[PDB]
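In structure tokens, the next block holds one chain alone, the form deposited in one PDB entry.
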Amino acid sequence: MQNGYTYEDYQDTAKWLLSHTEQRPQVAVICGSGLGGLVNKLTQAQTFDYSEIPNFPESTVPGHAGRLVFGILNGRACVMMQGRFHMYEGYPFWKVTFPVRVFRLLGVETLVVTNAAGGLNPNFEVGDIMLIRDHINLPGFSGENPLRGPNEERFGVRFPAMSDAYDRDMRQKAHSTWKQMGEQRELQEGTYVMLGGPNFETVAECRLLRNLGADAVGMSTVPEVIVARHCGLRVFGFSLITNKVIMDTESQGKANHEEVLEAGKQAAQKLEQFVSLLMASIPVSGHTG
């Protein structure tokens, strides 16, 4: 059936975490494939395995550790999902996005989503960082949506708008911060398209997606962005272009999960630093003062 989680289920989980840590994060960060190293920048870190937290699902994908880590990143208190969940694991979207609603109940105001994606835009290179300015939700087109079923008014409204999903002011800041880093390669920005997986795309599917206007293709993030927005979380996200998708039948090679080599190795120090500097200020937003 539809969402099997009740409001109290999120309530209980949030209560469990609050009674087990003194940290009160405002920023929540989700780490995609091979981006699990973002965690080792945190100070005063406390790690919780998903399996010990009440209603939490579990990461079954290599590159996804399956741990919730609270810590202080460059002065700001945040919580990180070292590994996320995907629909191709057998998880329904209402299970995949469970942690987004828990964050909301913990008092989190901002959510930054990351992921590894295949490059569709020809100007993208392996190793590029693409700011997600927009997305195309293919599973959504068919009713596969985390918000399907009766609406929980306590989180948001029945018909939430998505045209303004990715925060404009945060994307301005990302660009400004990149300049300060002195990166030779420019900061990319585009549309992220989500499909189910777990197999990689055929040439025809890559050409089709590109013609639809997508810049990168992945198998996650979008459900989370929808639930986040629905409950009023400010959102920002970026894709690490781990590979160039096959656009020709004269296939030199084929995609493979070794793309973690591009993330948790190749572009480790870069985006980890990019995200740390990014914790400069929402500006915070703490009522007054």
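Just so we're on the same page, rigid core means the largest C-alpha set that superposes within 1.5 Å between forms. In case it trips you up, residue 1 is the first one in the sequence shown, and so on.
The mean Cα B-factor in the deposited entry runs higher for 148-156 than for the other of 148-156 and 110-118. When 84-92 is weighed against 178-186, 178-186 comes out higher, by mean CA B-factor as recorded in the entry. Of the residues listed, 244, 257, 230, 67, the entry assigns the biggest Cα temperature factor to 257. Within the selection 226, 42, 31, 28, the deposited Cα B-factor values reach their highest point at 42. Compared with the other modelled residues of the chain, the Cα B-factor recorded for residue 61 ranks in the highest third. In this PDB entry, the Cα temperature factor of residue 278 sits in the top third of its chain's modelled residues, the highest group. For residue 20, the recorded CA temperature factor ranks within the lowest third of the chain's modelled residues. Ranked against the other modelled residues of its chain, the C-alpha B-factor of residue 217 as given in the entry falls in the lowest third. Ranked by C-alpha B-factor against the other modelled residues of its chain, residue 261 falls in the highest third.
This protein has a second form, the form deposited in another entry, left out of what is shown; the following refers to that one.
When both forms sit on the same rigid core, the CA shifts between the shown form and the other one reach 2 angstroms or more only at 263 out of 263, 235, 69, 28.
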